[PDB]
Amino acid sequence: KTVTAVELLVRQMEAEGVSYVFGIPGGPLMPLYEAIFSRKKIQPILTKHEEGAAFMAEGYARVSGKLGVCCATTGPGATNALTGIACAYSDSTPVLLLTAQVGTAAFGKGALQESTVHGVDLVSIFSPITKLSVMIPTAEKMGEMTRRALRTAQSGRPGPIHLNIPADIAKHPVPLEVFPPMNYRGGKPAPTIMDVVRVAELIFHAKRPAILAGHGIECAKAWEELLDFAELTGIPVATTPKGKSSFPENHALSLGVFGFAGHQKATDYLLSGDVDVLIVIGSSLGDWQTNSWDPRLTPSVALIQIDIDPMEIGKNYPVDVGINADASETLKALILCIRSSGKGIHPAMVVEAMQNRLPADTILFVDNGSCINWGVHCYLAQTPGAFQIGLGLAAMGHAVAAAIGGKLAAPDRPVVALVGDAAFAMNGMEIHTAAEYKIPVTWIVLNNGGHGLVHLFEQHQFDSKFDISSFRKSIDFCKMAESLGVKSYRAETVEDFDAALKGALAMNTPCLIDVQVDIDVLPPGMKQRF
């Protein structure tokens, strides 16, 4: 019994529990749409820009915990998505990008939007920022390739995949071979027992242990065993800026965020070296996460690091025990072994109004810009994984679009995006797609009339010698929401903001809130990095 090669790929994608595919169609990429629409199990989402779809697939992935899928046509369709694929690459999230190719009969001829080595070579443009980038050579090889793709995206440190599909093979017949995921993909690695008992032994003798939880806690879905491990051990837990959300910040053992725009209940504990035992679980230990690799973060006795990627272990700090394993399989073993022992408006208040009204289960997406300083510092996130910030690449526009995918992945939970205005101008057009698909998301535009943080570097680094930051005319984001069919609120006092915010969440449809913000307000954590 046969199917068309591209028909078998969606059926294999169905088996991975992929529910939506975001993208923009094209001549050579239509065979895929006729296939997704033949099955009616997976649904296609038409976006306004291919980076917006990629950003959505990434957003769907991180909250879904499943594989994100986006599609694009030959050439510029594909190149458009790149920045989103580059963010999925730096945040360790499994995104599969499907791109079309011209038929082999036109290779080297100057085909329309040719994406081979002879034209715009997608597979090598996309290699440095994917776990795998490959053109399917034959129809017959579609099953084994797409299982190769799904296996690579969600094993090890997860990441994005680029699959290039020549339009001609897309409808060649092939045998129907669809497998459940666990038949062609392995499980995760656990720590050796020798290391589990050595750090158990280091915790038992510690005068001041501390845990630094990074983004790996979310990819490992390790919140519960982290919460049980901290509670059982009594060790205080700090998050990276990107790892905020991975431990409840209301909890007695919570020190908040360590690093950029962080809290100094974390700074002192972790930086004023009383610390002797440091357990780093699922963090790159990059710039922001370490306060520019401050040598004072190193503990006096032992540094322990758990990470599913061996190459990150001991990269910037010498480790005493380096565990190459899943954070969730490591922690349950650790608990198993220790219980076995038995012995305008000021942004500060716009976050303030948000904390007083967003439901407990609100997923908060934050963009890149001064909104990260406000988001990481002043919002307290109590629900596991409910704080969504893309600090891997820190691309402006990320959450503006990301969030749409997040609410498709968690439709019964409220989803809110806190974004800057220049970021909204880069990807704000995708509120039209939420409008078209009736995806109720609330964007909170922190409108300071330009590039907030760049304005501050000018003043504080090149003594107001020039201005490349401010606008001469602020954008009108409520008129813009109106053009895109989205209900809108303007707020220039705190209480207009609160009225807007509780109207939006009642609203059952997309909504945008345009907040007046002074471009000179110095965000938390910006004067320390200067």
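Counting begins at 1, following the sequence as shown.
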Q) What number of deposited residues lacks coordinates in the span between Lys343 and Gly344: none, 1 to 3, 4 to 9, or 10 or more? A) 10 or more
**Q.** Per the entry, higher mean C-alpha B factor between 501-509 and 45-53
**A.** 501-509
Q | 187-195 versus 115-123 - which carries the larger mean C-alpha B factor in the record | A | 187-195
**Q.** Largest Cα B-factor, entry values, listed residues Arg151, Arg208, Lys242, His162
**A.** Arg208
**Q.** Per the PDB entry, maximal CA B factor within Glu312, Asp412, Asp421, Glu430
**A.** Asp412
Q: Ordered by C-alpha B-factor within the chain, which third holds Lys265? Give me lowest, middle or highest, please.
A: highest
**Q.** Position of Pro173 among the chain's modelled residues by C-alpha B-factor, lowest, middle or highest third
**A.** highest
Q: Select lowest, middle or highest to describe the third in which the CA B-factor of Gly59 falls within its chain in this entry.
A: lowest
Q: Quick one: classify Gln382 as lowest, middle or highest third of the chain based on its Cα B-factor.
A: highest
Q) With respect to C-alpha B-factor, does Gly26 fall in the lowest, middle or highest third of the chain as deposited? A) middle
